[PDB]
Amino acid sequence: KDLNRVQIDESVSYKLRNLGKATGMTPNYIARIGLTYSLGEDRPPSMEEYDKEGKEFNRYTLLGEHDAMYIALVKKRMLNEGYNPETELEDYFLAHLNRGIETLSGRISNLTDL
């Protein structure tokens, strides 16, 4: 229901510190962009891949004043794809959060110089 506190995967949390170093930006802002990038990706994200042992986010800090809009957008995309928001919203949300951060990392890790 609330979705108040959530945890990304541990290895993704490492990738996020590196994006932080590369970029000079706060984790919330990098994660929000990633989540947005993943929510506009064609393919569904993997529901198998990610643990919840990494960094904790607060929905208020993470999404900000667009929280209801991001939540609703996620619930629509779920119902479309075949998932149930009443059972899987946390898992489905985190699948996009993790995938978003990985996608950014996969390009930006390469820089090394950054």
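Residue numbers run from 1 along the displayed sequence.
- Here 82 to 90 and 35 to 43 are compared by their mean Cα B-factor, and 82 to 90 comes out higher.
- If you average the C-alpha B-factors over 26 to 34 and over 73 to 81, the higher value belongs to 73 to 81.
- Residue 114: CA B factor in the highest third of modelled residues in this chain (values from the PDB entry).
- Per-chain ranking of the deposited C-alpha B factor places residue 3 in the highest third.
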